[PDB]
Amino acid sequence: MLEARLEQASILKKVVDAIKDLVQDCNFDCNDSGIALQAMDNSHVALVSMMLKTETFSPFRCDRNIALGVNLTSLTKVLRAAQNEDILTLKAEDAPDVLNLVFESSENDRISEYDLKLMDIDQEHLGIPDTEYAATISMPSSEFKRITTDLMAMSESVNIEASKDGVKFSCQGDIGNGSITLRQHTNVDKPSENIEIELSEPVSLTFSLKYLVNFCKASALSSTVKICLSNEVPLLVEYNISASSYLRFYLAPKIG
């Protein structure tokens, strides 16, 4: 059976909010190692890859594998009834018809309990191979959110060009051409504002801004976002929820 406690419901609330606009029906794959999610968005363009590792929970138990077929709009209805600082416990039996969710107030000793009906969802689960990326940009998540948000108003597409010195986001639109250039930047007393760029080779590729804006709905999960460009494989946009757990989005560059 499954039994998993988060100290703050916050983490799960943020996770689901970061996925639900891309994916409606998906499985949460529970086992020894934690709770994973792997699903394409509804248009079958982007791949969503979540791993909530056992260390993120406190405590965590999952004896046998359990696939929790969940509608995310249904789960969002439940999770909105959890406050961010509620102690959250997930429970599910072997061959579950429901996922049991318990939210416990910190002070006033309110206890909320929901039995969310599960459904039969077919898994796809593509193989995510190991990869050495051409360029990796680490920057504040709010800045990447603003960039994609600003350019989206102007264009459907953004060219991302990585160099040793910096990274340039470029687009052409009906109103004109635009670009936003960031270069490596370090603040001793505000290291959270740092922009760090590691380059093994030049990479200049074009991506859907609409998908990038949706990826930036994970901005609440982490202060920093890792943008990983490759000339061979899809872009990886990574939010590390903790030392262990991550929410990842994969997006292929646009090819004629």
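Each residue number is its position in the shown sequence, starting from 1.
Between the two ranges 156 to 164 and 138 to 146, the one averaging a larger CA B factor in the entry:
Mean B over CA atoms: larger for 156 to 164.
125 to 133 or 175 to 183, whichever carries the higher mean Cα B-factor
Higher mean C-alpha B-factor in the PDB entry: 125 to 133.
Have a look at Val16, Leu247, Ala243, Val233 and flag the one whose Cα has the highest B-factor in the entry.
That would be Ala243, according to the entry.
Between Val225, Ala218, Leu229, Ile197, which one tops the list for C-alpha B-factor in the PDB entry?
By C-alpha B-factor in the record, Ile197 ranks first.
Taking the C-alpha B-factors as the PDB entry records them, is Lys210 in the lowest, middle or highest third of its chain?
Within its chain, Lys210 is a lowest-third residue by C-alpha B-factor, going by the deposited values.
Going by the entry, which third of its chain does the Cα temperature factor of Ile111 land in?
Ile111: CA B-factor falls in the middle third of its chain.
Ranking every modelled residue in this chain by its Cα temperature factor as given in the entry, which third contains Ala4?
Middle third of the chain for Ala4's C-alpha B-factor.
Quick one: classify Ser105 as lowest, middle or highest third of the chain based on its Cα B-factor.
It falls in the top third of the chain.
Ordered by C-alpha B-factor within the chain, which third holds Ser49? Give me lowest, middle or highest, please.
It belongs to the lowest third of the chain when residues are ordered by C-alpha B-factor.
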